[PDB]
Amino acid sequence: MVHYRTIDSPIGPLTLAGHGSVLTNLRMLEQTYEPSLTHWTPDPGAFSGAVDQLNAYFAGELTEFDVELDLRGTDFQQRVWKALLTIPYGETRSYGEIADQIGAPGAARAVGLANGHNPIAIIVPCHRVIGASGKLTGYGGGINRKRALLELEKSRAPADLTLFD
């Protein structure tokens, strides 16, 4: 089937799901409607690699993820989530820039709606994309989760303090 595990984090109870050792889902589900949750087996020891990476990520030790994903969505969504995965830690892009990257100049608004449907939060970094106005998006408190995540990434102390020696 598809099995799931829930872990805690600074921005809330993250839920990881997928078949075997492959993520298909990662969303802070607390206090929203997730239909497909009833069709899922609980397994408190799955995706063991991932949680480490996450807990490391939240601690600031991790900059890049090594996890296997299976994004399912329309072709357009596929391409937008492809581009998303090419924005590095500590950086951002505008919705327009993404629209150019995927080869459909002018589709700022479509990316934004395709960002909303991102199956895997944090690892596919939907938070590293912002409009020109700087106003962030998201219902459910999702704005604060994005903001928090952006702050955490910017507050990254320079890695080696030996470059100052």
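A residue's number is simply how far along the shown sequence it sits, counting from 1.
- For the segment pair 115-123 and 33-41, the entry gives 33-41 the higher mean B-factor, averaged over Cα atoms.
- Averaged over their C-alpha atoms, the temperature factors of 152-160 and 6-14 are higher for 152-160.
- Ranking 136, 104, 54, 108 by the C-alpha B-factor listed in the PDB entry places 136 at the top.
- Considering 99, 129, 132, 26 together, the PDB entry gives 132 the largest C-alpha B factor.
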